[PDB]
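Student: I have a structure I would like to understand better, so I am pasting it below and will then ask my questions one at a time.
Computed from the coordinates by the stated procedures, all read-outs in this text should not be read as laboratory data. With ideal geometry, Cβ positions are generated from the backbone for all residues, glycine too; neighbour counts draw on all protein chains shown.
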Amino acid sequence: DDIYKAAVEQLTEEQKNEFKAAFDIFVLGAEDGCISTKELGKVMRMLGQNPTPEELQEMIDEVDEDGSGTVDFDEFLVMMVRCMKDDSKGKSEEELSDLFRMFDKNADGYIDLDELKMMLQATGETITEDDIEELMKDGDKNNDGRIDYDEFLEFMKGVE
Amino acid sequence: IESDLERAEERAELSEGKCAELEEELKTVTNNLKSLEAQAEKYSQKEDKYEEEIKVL
Amino acid sequence: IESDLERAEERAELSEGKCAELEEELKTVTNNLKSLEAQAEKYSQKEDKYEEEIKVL
Amino acid sequence: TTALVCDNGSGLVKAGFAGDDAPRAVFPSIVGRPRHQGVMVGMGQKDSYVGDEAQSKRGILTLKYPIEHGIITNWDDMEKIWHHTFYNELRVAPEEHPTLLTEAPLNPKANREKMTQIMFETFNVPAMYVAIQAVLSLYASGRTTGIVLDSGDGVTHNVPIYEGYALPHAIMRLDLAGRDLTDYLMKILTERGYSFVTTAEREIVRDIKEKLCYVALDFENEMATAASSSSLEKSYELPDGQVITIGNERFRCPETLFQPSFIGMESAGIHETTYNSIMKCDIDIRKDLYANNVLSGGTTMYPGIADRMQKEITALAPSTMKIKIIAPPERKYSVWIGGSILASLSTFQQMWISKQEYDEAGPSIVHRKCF
Amino acid sequence: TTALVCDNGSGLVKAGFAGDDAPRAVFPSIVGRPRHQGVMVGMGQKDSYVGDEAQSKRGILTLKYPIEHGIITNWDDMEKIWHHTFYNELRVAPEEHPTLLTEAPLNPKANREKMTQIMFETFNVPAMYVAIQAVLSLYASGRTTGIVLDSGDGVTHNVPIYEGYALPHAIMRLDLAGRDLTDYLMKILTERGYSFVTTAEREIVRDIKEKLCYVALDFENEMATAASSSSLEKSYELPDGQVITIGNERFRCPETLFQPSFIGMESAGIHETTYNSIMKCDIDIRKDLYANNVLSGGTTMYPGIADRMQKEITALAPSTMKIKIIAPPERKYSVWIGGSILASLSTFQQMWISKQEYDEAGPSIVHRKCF
Amino acid sequence: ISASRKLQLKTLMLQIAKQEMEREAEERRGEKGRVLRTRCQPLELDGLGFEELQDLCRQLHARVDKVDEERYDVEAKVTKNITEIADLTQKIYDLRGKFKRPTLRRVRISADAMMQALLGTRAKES
Amino acid sequence: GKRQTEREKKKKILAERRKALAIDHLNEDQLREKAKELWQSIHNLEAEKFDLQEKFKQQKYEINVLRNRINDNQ
Ligand SMILES: Nc1ncnc2c1ncn2[C@@H]1O[C@H](COP(=O)(O)OP(=O)(O)O)[C@@H](O)[C@H]1O
Ligand SMILES: Nc1ncnc2c1ncn2[C@@H]1O[C@H](COP(=O)(O)OP(=O)(O)O)[C@@H](O)[C@H]1O
Ligand SMILES: [Ca+2]
Ligand SMILES: [Ca+2]
Ligand SMILES: [Mg+2]
Ligand SMILES: [Mg+2]
């Protein structure tokens, strides 16, 4: 899933052509071009089984930035990688707790913004201050500025 | 809207609790003031009596 | 639910106003009580001096 | 380091670090096991909720105080209460802090020895000291003489002190206190129809007593007035609605203090045991004790008691002496404030019972020079 | 492996694998032998059509429910229903799947013991567990407190729960349910001329009740309005034509729930047995039960019941408490959704009655610790 | 950065933190070994008659008993800490678990697995 | 007997943690052997003690973190 999402985001010819051929096969009644909810359900029914459409609708609108009943590109990628769970949610609880306690040099059970940004500098990866703000706001559940282990895991979801 | 209603309810509850506490505090301090005022009146009377006693003795 | 939420928020606002008024009352009465405590201490000193003079006489 | 000024009490445990103005954590001392069966799985249901947690789940618990009258009747529960107090309400391990417990006068020795043995073996404190609950209340008033009436919730005791020299032959300990007043109020409420029986509803009756009851200046006049007019009937809303109206039960509950014949006790009220405690003292320090009568403890917070007691003592005492009753507004925590002051003194720093001393003489060290 | 969350019920058997949102197969629990003679040879006529097959051939059958009021009165038919449910509606052999049956409160012991004996001897499951039908409905709501009124088709029971601790002394089980409402509707339809007698036509009356009846907000005003205007008369087409018009029978059929004197029952309605069930609880958890009243079961799907019940309880309850009635849209399958959630828990995985345990203690194991 | 890009950013963050933990453990082990070397000091054996060796043995046994009592104390502390952290972890789970029951579906097979079941071996990438 | 249980626990701590010392029957050379064995025993015991201290420190750190997270969530 984690490999597949990244691969299909900027895929070469092969599996994107496979998706296109899947749609070409799906034209037996459903031809909306951009997969809507009704066409998605029609495709799933013509497959040969009667699954609960709740998973289909969660795929089609839940992870979406729009949730309009239609299928986007990265949204379809999330749909494809969502059947299984291969992305290890940003490490494991033991690893995350160890990295947070070494992160919590102040041993206060929370990560202040100052040590947060200092660690971010220590990362050395690509810098994005808007992404820094997004991560902080993910840690702004009670909006106390500091980020506990709960919110730390919250924005560590799917980190591969 | 349900979450909004829950937040409104909890805010109202906190405000009412603080109001009750303030009521209790004001009651106590006002009772203290009343008692002290009565004591002060009695003390003025006692002071006049003591001065009279000083003069006569 | 929407109507109930609106009523709850209005109740919370009213309670906050009441709490502010109670705070004002509490501070005023506290100041008055301190003033009367000082007055009573002066009363006590006067009584002490009068008692001593009575004993001497 | 800093000292832990704990104060077991009976009804409210008050604790905090030495040198402050108010206790850090104040919470009822009750340990309540659940009594029903429990059907939800994985709800995380514990086997005993202690402290202030069991005052919120009291609907399905059976609260039971571990301290009856000063003495401790259930040592396991008391150990649980202490463990909670140290670890969750203060979050300071006891391995690095001296402790200063408090104990009522004239209590059984075994209680005090077991207390020190627990503090030294289980919690493993560096050094602990046990002090009489009235001397601290005298510290807090900033006096050095005076006769202090410390009417707690478990036991009411009356220790006279002069110039720092306590008079051991004049301590009058009486076992009427707030708990008996709660039971008597719960018993006289039945005269209107309200029946409280469960050990959880005792807390509701306690709240009624705290918020409504007051001490009458003159008992017969109040009984006559409440029986003609209706200006006294104050109402109160139970935890579920159904408001109740308390009539002349308001000043009849705390009147038991001055007439212990109401609950069948033989002894004289708190207005006459103070005068008796004074009269046992020497003839030359009675004026100072008359002028410096100190009130403390929770139960002396009834509105209008500092006037009733003064009127009664003035009736008993000779007409020439001046009767003055010291009633500080911080009455409830007076013992703990005094404990903080005592623990903060430099002269007191060598009176602690050091652990090596306990190892050499056993728990009976507390009765020795280190009192 | 996965667990089978079966739910016998009385009127509709709901089953499905643990961990889903809705039961996989829902079908009436009726077993109907043919009653006429039969002349065609080789037609392949069976001796008993069960489940949803007998709702299509009901014209020549005599349908008879094997569960009267929660209890099971005809064990052979119930065994047949279970066999059908396992093999044809789910197609999973029971030799490789744990089962989680459900049972009404206060049912006879012998029923439960026979149920477990059948499941262990005939179908030979690995492990089965029996749960009270109301705790599951409380699971599905995602709460942990609240008093749940589970008005099924067989029996209406009202189990209050607080903080996961069920109160066994406050369960009020009443035997009025959907079946009695069907019979009463079939009895009052005769006032217009329509006579339904056959056990097959009871199904038609049930369909009329489901599609047309509703609970009136105020009974007398509706009775007065339906007797003057004609805005209520809704028509319905029988399985052969000859449409019928239901007048004030619409809200008189489900009114029996709030006035069981209509069908001659003495007890009080579902609006007053909930208040009585609350008042038996302790005085400190009544506010939470008032605020978290939960509805479940099929019969609570009448349009307009969540308002009538709230109005009635608000009339009975003290004016200060807030009365809230939780009526999720997935009411019918609430018990089964809760059953799926409970079977999917890791903490619950060791509560099953393993087969070796049954072999050692006999069928009476169900009353023991493994409840 | 893209969503995947910031996921890789946090991945590098976790890698840096893991390296920091590795060096922390290495320095912990080295410094504790040095500290024990300071305490656990080797002593001479040769050149000593019977009495000196017997006295050394007595001292060693006394120190063994003392440090064994101390080890019991620290082990009891460790056990208490284990119990307390287990209780805190369980409380954390209670506050943020239990009611987290997801949509357990046996019909939404894996996209590769479901596609194979409905088509044979069509799905072979995922 | 719970108080008796803890008292016998600490008594066994004071007694059983001490082991059997036998060095006088061991000749000067065997005495050196016994001294070496006791030396290794005490050094390993102090190693265990230090490891216990460090593990307790880490456990207490995690306890602080979890309790702080609880405070945040409440
Ligand atoms: N404001 C109040 N008015 C009347 N009674 C009170 C008040 N506060 C506390 N009490 C009574 O005093 C008791 C608490 O006494 P306290 O001084 O805490 O006892 P202890 O000496 O054990 O600490 C309570 O049980 C209550 O009955
Ligand atoms: N939509 C509806 N409106 C009114 N009544 C209904 C509706 N659906 C079901 N019922 C009644 O509820 C009964 C089904 O209840 P159910 O919850 O299946 O019982 P059980 O607890 O045995 O499963 C039916 O007999 C029917 O009378
Ligand atoms: Ca969309
Ligand atoms: Ca930090
Ligand atoms: Mg006290
Ligand atoms: Mg049911």
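Student: In straight Cα distance, which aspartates and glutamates are under 13 Å from E:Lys57, not counting same-chain residues fewer than 8 positions off?
Tutor: List returned: E:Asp47, E:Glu201, E:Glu203.
Student: Measure nothing but the geometry: give the 0 to 90° angle between the long axis through the Cα atoms of B:2-56 and the longest principal axis through the Cα atoms of chain B, rounded to 10°.
Tutor: 0
Student: Treating only the Cβ of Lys, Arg, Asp and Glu as charged (+1, +1, -1, -1), what charge dipole size does chain D show about its Cα centre? Round to the nearest 20 debye.
Tutor: Using only the charged Cβ atoms, the result is roughly 120 debye.
Student: What are the extents of the Cα atoms of the protein assembly as shown along their three principal axes, listed from largest to smallest and rounded to whole Å?
Tutor: Principal axes ranked by extent give 135, 106, 65 Å for the Cα atoms.
Student: Expressed as a whole percent, how much of the Cα-Cα distance distribution for chain D exceeds 35 Å?
Tutor: Distances greater than 35 Å cover 29 percent of the Cα pairs.
Student: Return the long-range amide H neighbours of E:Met128 (sequence gap of 5 or more, or a different chain), with a cut-off of under 5 Å between placed amide H atoms.
Tutor: E:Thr99, E:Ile353
Student: Name the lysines eligible as straight-distance cross-link partners of A:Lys38: C-alpha to C-alpha under 25 Å, and not fewer than 8 places from it in the same chain.
Tutor: Result set, ordered by chain and number: A:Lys5, A:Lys16, A:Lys20.
Student: Amide H neighbours of D:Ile30 under 5 Å, counting only residues 5+ apart in sequence or on other chains, H built in-plane at 1.01 Å?
Tutor: Residues meeting the amide H criterion: D:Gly51.
Student: From the P(r) of chain F, could you give the percentage of C-alpha pairs in the tail past 23 Å?
Tutor: Summing the P(r) of chain F above 23 Å gives 74 percent of all pairs.
Student: Separate question: Students often forget the sequence filter, so: which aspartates and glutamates lie under 18 Å Cα-Cα from G:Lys11 once same-chain residues fewer than 8 apart are removed?
Tutor: Within the straight-line cut-off, G:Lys11 pairs with D:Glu121, D:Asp359, D:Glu360, F:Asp65, F:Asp68, F:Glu69, F:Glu70, F:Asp73, F:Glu75.
Student: Sticking with this structure for a sec: Hey, rough spin-label estimate for D:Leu345 and D:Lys287, points 7 angstrom out along Cα→Cβ, what's it come to in nanometres?
Tutor: In this crude label model, D:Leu345 to D:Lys287 measures out at 2.7 nm.
Student: A follow-up question, please. Using only Cα atoms, find the angle between the long axis of helix G:2-16 and the longest principal axis of chain G, and express it within 0 to 90 degrees, rounded to the nearest 10.
Tutor: Taking Cα atoms only, the helix is inclined about 40 degrees.
Student: In terms of the ratio Rg/(2.2 N^0.38 Å) built on C-alpha atoms, what value belongs to region B:1-42?
Tutor: 2.03
Student: Residues of A:10-23, mean number of Cβ from any other protein chain within 10 Å of their own Cβ, rounded to a whole number?
Tutor: So the per-residue partner count for this stretch is 1.
Student: Next question. Taking amide hydrogens as modeled 1.01 Å from N in the peptide plane, which residues meet the under 5 Å criterion relative to D:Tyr162, leaving out close sequence neighbours?
Tutor: D:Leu167
Student: I would also like to ask the following. Past 21 Å, Cα to Cα, is the threshold; run F:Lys18/G:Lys55; F:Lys80/G:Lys10; D:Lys64/F:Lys77; D:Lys80/F:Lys80; F:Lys10/F:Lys98; D:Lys80/D:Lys114 against it and keep the listed order.
Tutor: D:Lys64/F:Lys77; F:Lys10/F:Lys98
Student: Further question: Tabulate in residue order the Karplus-calculated ³J(HN,Hα) for region E:363-371, using 6.51 cos²θ - 1.76 cosθ + 1.60 with θ = phi - 60°, rounded to whole Hz; enter x for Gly and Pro.
Tutor: x, 5, 5, 5, 6, 7, 3, 5, 6
Student: In whole Å, what are the extents of region A:45-106 along the principal axes defined by its C-alpha atoms, from largest to smallest?
Tutor: Dimensions of region A:45-106 along the principal axes of its Cα atoms: 57, 25, 17 Å.
Student: Going out from 0 in 10 Å bins, what whole percent of all Cα-Cα distances in region E:213-371 drops into each bin?
Tutor: Over region E:213-371, the share of Cα pairs per 10 Å bin runs 8, 24, 27, 21, 13, 6, 1 percent.
Student: Could you tell me how many degrees, from 0 to 90 and to the nearest 10, lie between the Cα long axis of helix G:28-73 and the main elongation axis, the longest principal axis, of the Cα atoms of chain G?
Tutor: Orientation of helix G:28-73: about 0 degrees from the principal axis.
Student: Using 21 Å as the Cα-Cα cut-off, could you pick out the over-long pairs in A:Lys42/E:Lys332; D:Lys209/D:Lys332; B:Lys46/D:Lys324; E:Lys109/E:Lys369; C:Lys18/D:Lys332; A:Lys89/F:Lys6?
Tutor: Going by Cα-Cα distance, A:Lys42/E:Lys332; C:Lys18/D:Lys332 fall outside the 21 Å limit.
Student: For E:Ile263, E:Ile270, E:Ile188, which order do you get if you count the other beta carbons within 10 Å of each Cβ and list the fewest first?
Tutor: E:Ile263, E:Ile188, E:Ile270
Student: If you put +1 on each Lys and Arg Cβ and -1 on each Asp and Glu Cβ, how big is the dipole of the protein assembly as shown around its Cα centre, in Debye rounded to 20?
Tutor: The dipole of the protein assembly as shown has a size of about 3580 debye.
Student: Moving on. Could you compute the FRET efficiency for B:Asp48 and D:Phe371, with r as their C-beta to C-beta distance and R0 at 45 Å, rounded to 0.05?
Tutor: Efficiency for this residue pair is about 0.35.
Student: Quick one: pull the percentage of alpha-carbon pairs in region A:6-130 with a separation above 22 Å.
Tutor: 55
Student: Nearest 5 is fine: what % of DSSP beta bridges in the protein assembly as shown come out antiparallel, could you say?
Tutor: The answer is about 70 percent antiparallel.
Student: Arrange the peptides F:94-106, E:49-61 so that the one whose residues have, on average, the most other Cβ atoms within 10 Å appears first.
Tutor: E:49-61, F:94-106
Student: For region E:1-109, with only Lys/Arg (+1) and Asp/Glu (-1) charged at the beta-carbon, what is the dipole magnitude about the Cα centre, in debye rounded to 20?
Tutor: About 480 debye.
Student: Can you compute the helix-only [θ] at 222 nm over the protein assembly as shown? Use -39500 (n - 2.57) per DSSP H run of at least 4 residues, normalise by all residues, nearest 500 deg cm²/dmol.
Tutor: -15000 deg cm²/dmol
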